[PDB]
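Since the structure comes first, as structure tokens, the remarks are kept for the end.
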Amino acid sequence: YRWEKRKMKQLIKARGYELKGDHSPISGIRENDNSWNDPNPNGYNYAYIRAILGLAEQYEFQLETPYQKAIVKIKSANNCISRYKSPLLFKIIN
RNA sequence: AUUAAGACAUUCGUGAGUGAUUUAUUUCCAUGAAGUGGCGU
């Protein structure tokens with residue numbers, strides 16, 4: 001799986017919107033795979049990876065063109081999942 | 001003219017006197033002002 005952030009950036013670049021960044025979106029794990037296009041045979045497998053560690057409402061992408069930014073809104077695609085508490089609990093004792 | 005004639009079962013008289021619709025009863029039980037970060041790789 002590749003996180004939805006990768007395809008969010010790719011879709012926005014597919015339109016006449018250019019995003020701020022010196023490095024291309026990261027693909028895979030290797031040290032330098034900053035690529036904009038999927039490998040070759042077919043597109044990567046994508047999923048909403050960041051949901052399992054806490055559901056958000058908006059994704060802000062902050063276009064390079066100043067004083068304007070792109071907002072991606074997350075909705076449950078049928079009103080079933082409105083929130084999700086993070087499943088990790090941090091504890092501080094002594 | 002005949003064991004007959006006359007004669008209101010009537011007068012007076014408060015359904016009234018005493019009496020608390022009162023006693024007992026928790027508008028209470030359950031419920032996180034919470035959830036999430038995003039981009040600048």
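Ligands are numbered from 1 in the order shown, residues from 1 within each chain, and chains are lettered A, B, ... in the order they appear in the structure tokens.
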
Residues of chain B near chain A: apply a cut-off of 8 Å, count only C-alpha atoms (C1' of nucleotides), and supply the list as a PDB file with N, CA and C atoms (P, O5', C5', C4', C3', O3' and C1' of nucleotides), in the first residue's frame.
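Heads up, here's the output in out.pdb:
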ATOM      1  P     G B  35      -9.773  13.618  23.153  1.00  0.00           P
ATOM      2  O5'   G B  35      -9.696  12.839  21.768  1.00  0.00           O
ATOM      3  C5'   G B  35     -10.794  12.068  21.305  1.00  0.00           C
ATOM      4  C4'   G B  35     -10.897  12.128  19.805  1.00  0.00           C
ATOM      5  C3'   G B  35      -9.676  12.683  19.095  1.00  0.00           C
ATOM      6  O3'   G B  35      -8.662  11.710  18.931  1.00  0.00           O
ATOM      7  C1'   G B  35     -11.632  13.687  18.220  1.00  0.00           C
ATOM      8  P     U B  36      -7.122  12.114  19.120  1.00  0.00           P
ATOM      9  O5'   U B  36      -6.670  12.533  17.655  1.00  0.00           O
ATOM     10  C5'   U B  36      -7.087  11.782  16.527  1.00  0.00           C
ATOM     11  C4'   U B  36      -7.042  12.615  15.274  1.00  0.00           C
ATOM     12  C3'   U B  36      -5.828  13.513  15.124  1.00  0.00           C
ATOM     13  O3'   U B  36      -4.693  12.815  14.646  1.00  0.00           O
ATOM     14  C1'   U B  36      -7.793  14.724  14.588  1.00  0.00           C
ATOM     15  P     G B  37      -3.467  12.477  15.626  1.00  0.00           P
ATOM     16  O5'   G B  37      -2.654  13.841  15.720  1.00  0.00           O
ATOM     17  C5'   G B  37      -1.840  14.274  14.641  1.00  0.00           C
ATOM     18  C4'   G B  37      -2.651  15.023  13.617  1.00  0.00           C
ATOM     19  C3'   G B  37      -1.915  15.448  12.358  1.00  0.00           C
ATOM     20  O3'   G B  37      -1.809  14.395  11.417  1.00  0.00           O
ATOM     21  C1'   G B  37      -3.193  17.259  13.182  1.00  0.00           C
ATOM     22  P     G B  38      -0.559  14.322  10.412  1.00  0.00           P
ATOM     23  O5'   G B  38      -0.816  15.519   9.397  1.00  0.00           O
ATOM     24  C5'   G B  38      -1.952  15.517   8.548  1.00  0.00           C
ATOM     25  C4'   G B  38      -1.984  16.744   7.675  1.00  0.00           C
ATOM     26  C3'   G B  38      -0.676  17.099   6.991  1.00  0.00           C
ATOM     27  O3'   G B  38      -0.451  16.330   5.824  1.00  0.00           O
ATOM     28  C1'   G B  38      -1.626  19.041   7.946  1.00  0.00           C
ATOM     29  P     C B  39       1.022  15.813   5.444  1.00  0.00           P
ATOM     30  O5'   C B  39       1.572  17.144   4.759  1.00  0.00           O
ATOM     31  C5'   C B  39       0.893  17.735   3.661  1.00  0.00           C
ATOM     32  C4'   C B  39       1.506  19.059   3.289  1.00  0.00           C
ATOM     33  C3'   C B  39       3.021  19.079   3.188  1.00  0.00           C
ATOM     34  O3'   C B  39       3.486  18.584   1.945  1.00  0.00           O
ATOM     35  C1'   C B  39       2.273  20.960   4.420  1.00  0.00           C
ATOM     36  P     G B  40       4.923  17.878   1.844  1.00  0.00           P
ATOM     37  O5'   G B  40       5.947  19.084   2.020  1.00  0.00           O
ATOM     38  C5'   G B  40       5.990  20.137   1.071  1.00  0.00           C
ATOM     39  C4'   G B  40       6.827  21.293   1.556  1.00  0.00           C
ATOM     40  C3'   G B  40       8.193  20.951   2.125  1.00  0.00           C
ATOM     41  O3'   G B  40       9.159  20.666   1.127  1.00  0.00           O
ATOM     42  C1'   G B  40       7.130  22.541   3.513  1.00  0.00           C
ATOM     43  P     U B  41       9.518  19.142   0.762  1.00  0.00           P
ATOM     44  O5'   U B  41      10.942  18.900   1.427  1.00  0.00           O
ATOM     45  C5'   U B  41      11.765  17.818   0.999  1.00  0.00           C
ATOM     46  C4'   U B  41      11.741  16.671   1.980  1.00  0.00           C
ATOM     47  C3'   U B  41      12.534  15.434   1.558  1.00  0.00           C
ATOM     48  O3'   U B  41      13.103  14.820   2.712  1.00  0.00           O
ATOM     49  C1'   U B  41      10.274  14.846   1.890  1.00  0.00           C
TER      50        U B  41
END

Could you pull out the strand (DSSP E or B) residues of chain A from DSSP and send them as a ChimeraX atom specification? /A:2-3,19,26,34,46-47,58-60,63,71-73

Residue selection dump (N, CA and C atoms) as a short mmCIF file (atom, residue, chain, number, x, y, z; two decimals), in the first residue's frame:
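Contents of again.cif, as written:
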data_model
loop_
_atom_site.label_atom_id
_atom_site.label_comp_id
_atom_site.auth_asym_id
_atom_site.auth_seq_id
_atom_site.Cartn_x
_atom_site.Cartn_y
_atom_site.Cartn_z
N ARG A 2 0.41 2.26 -0.74
CA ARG A 2 0.99 3.59 -0.72
C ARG A 2 -0.03 4.57 -0.17
N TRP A 3 0.42 5.45 0.71
CA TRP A 3 -0.50 6.32 1.44
C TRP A 3 -1.21 7.28 0.50
N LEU A 19 2.67 22.41 -6.68
CA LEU A 19 2.83 22.31 -5.24
C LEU A 19 4.26 22.65 -4.84
N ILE A 26 7.69 10.80 -2.18
CA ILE A 26 8.49 9.62 -1.87
C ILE A 26 7.71 8.36 -2.24
N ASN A 34 12.48 9.69 -4.85
CA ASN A 34 11.58 10.84 -4.98
C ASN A 34 11.11 10.91 -6.43
N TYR A 46 -2.96 1.89 -3.55
CA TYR A 46 -3.11 3.02 -2.66
C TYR A 46 -4.23 2.77 -1.66
N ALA A 47 -4.08 3.34 -0.47
CA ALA A 47 -5.09 3.22 0.58
C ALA A 47 -4.91 4.37 1.56
N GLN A 58 -9.27 17.61 7.39
CA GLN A 58 -8.75 18.34 6.25
C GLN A 58 -7.28 18.01 6.04
N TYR A 59 -6.87 18.02 4.77
CA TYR A 59 -5.47 17.95 4.39
C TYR A 59 -5.09 19.25 3.71
N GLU A 60 -4.09 19.93 4.25
CA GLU A 60 -3.61 21.20 3.73
C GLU A 60 -2.30 20.98 3.00
N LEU A 63 0.11 25.26 -1.64
CA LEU A 63 0.66 25.53 -2.96
C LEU A 63 1.83 26.49 -2.90
N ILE A 71 -7.02 22.47 -0.08
CA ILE A 71 -7.60 21.77 1.05
C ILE A 71 -8.31 20.53 0.53
N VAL A 72 -8.00 19.38 1.10
CA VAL A 72 -8.68 18.12 0.79
C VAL A 72 -9.50 17.74 2.01
N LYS A 73 -10.80 17.57 1.82
CA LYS A 73 -11.72 17.25 2.90
C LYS A 73 -11.98 15.75 2.91
#

Point-to-point distance from atom CA of residue A:17 to atom CA of residue A:38, Å rounded to tenths: 19.3 Å

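For the pair atom CA of residue A:88 and atom CA of residue A:7, the interatomic distance is 26.2 Å.
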
How many Å separate atom CA of residue A:1 from atom CA of residue A:81?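 For atom CA of residue A:1 relative to atom CA of residue A:81, the distance reads 21.2 Å.
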
Using only C-alpha atoms: which of A:35, A:9, A:48, A:15 has the shortest distance to residue A:75: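 Checking each of A:35, A:9, A:48, A:15 against residue A:75, counting only C-alpha atoms, the winner is A:48.
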